[PDB]
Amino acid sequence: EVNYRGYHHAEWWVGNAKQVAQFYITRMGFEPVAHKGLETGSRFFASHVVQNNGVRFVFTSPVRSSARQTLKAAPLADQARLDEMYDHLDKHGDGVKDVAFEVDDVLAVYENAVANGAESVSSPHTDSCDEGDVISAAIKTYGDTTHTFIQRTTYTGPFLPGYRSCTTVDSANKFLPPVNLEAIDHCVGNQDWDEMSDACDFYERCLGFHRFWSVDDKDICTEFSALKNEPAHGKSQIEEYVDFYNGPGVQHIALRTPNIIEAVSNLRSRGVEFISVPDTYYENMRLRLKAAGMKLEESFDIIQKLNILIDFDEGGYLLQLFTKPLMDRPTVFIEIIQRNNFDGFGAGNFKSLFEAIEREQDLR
């Protein structure tokens, strides 16, 4: 019954994979699924994959230091990998690193990608455990985040080669209200203009008759190309959406739910914390929705209490919400979105939210 929307998973690079992974277990309803580490011969990195219906996260941490003087000298390729991982956690901190797509024909989707100028990160190769085989490749897309192409061949195991399945459920979830998340809706690994642009232009040059590997990126780039804020050291009436819009190296990963009220509630009660949109947003939005005769399913007054956002067109609307920044840097957010016939991505909420500080800064 589960539904990946073609996303194999998203892999994070984080300092404490083992413990950070549990954040999503306790706060957001995930379940431990697979593991890769010193128990399956991974001498240099541990990986913890937690899943929520279609949503699958991988958290990956080095298990050892750079010049680890006690046991082995690291092979040259591997010390470079460890070195790379620390330099990313320094520059960026905990965050999404790689979006990986279930793909038929990695060789082909990889080939076209670099023909049109993709920065290669991992030419096609074939990780091969005892449960089978898989072909992957990877390319730089949005900043230093990446896309990975995955073609299952003979592999049958839990997840990928090297991974072992997970030995049973998590107990904290028999006490916690569940979070009905469906699948990964989209992901922008870096929201700098230059960076976004660069990645979008690259995607456009990847368009052909064969369908592009990430429909959700093609529609984001399309919707936001039709147009390309202002802060205050007050807090800002936009609160942390101003950091979302104007912060550097900001990311967000969005997670589709069939019920954003149910989702947001059970996350409010598990202890997750979202940005507060001002009252003036709903003021103006209630008129816009009414004048346009767009009648929502959900009570407008509950969408207000929950600081949930709205965008729409003639055929339907979306419901959107953002967590407070997940870490001590204001750079990583998670979006929860519910669609009722709207392929949109929230372009309207830039105008609306920017207009929200507008009436407040114009107030003086």
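The numbering used is simple: start at 1 and walk along the sequence shown.
Count the deposited residues lacking coordinates between residue 208 and residue 209 and you get none at all.
Missing deposited residues between residue 228 and residue 229: 10 or more, all without coordinates in the entry. Higher mean CA temperature factor between 13-21 and 347-355: 347-355, per the PDB entry. Just going by the entry, 70-78 versus 83-91 on mean CA temperature factor gives the higher value to 70-78. Based on the entry's C-alpha B-factors, the most elevated value among 53, 47, 331, 42 belongs to 42. The entry lists a Cα temperature factor for residue 234 that places it in the highest third of the chain's modelled residues. For residue 186, the recorded CA B-factor ranks within the lowest third of the chain. Only modelled residues enter the ranking. Ranked within its chain, residue 167 lands in the highest third, by CA B factor from the PDB record. In this PDB entry, the Cα temperature factor of residue 27 sits in the bottom third of its chain's modelled residues, the lowest group. Among the modelled residues of its chain, residue 250 has a C-alpha B-factor that falls in the lowest third, as given in the PDB entry.
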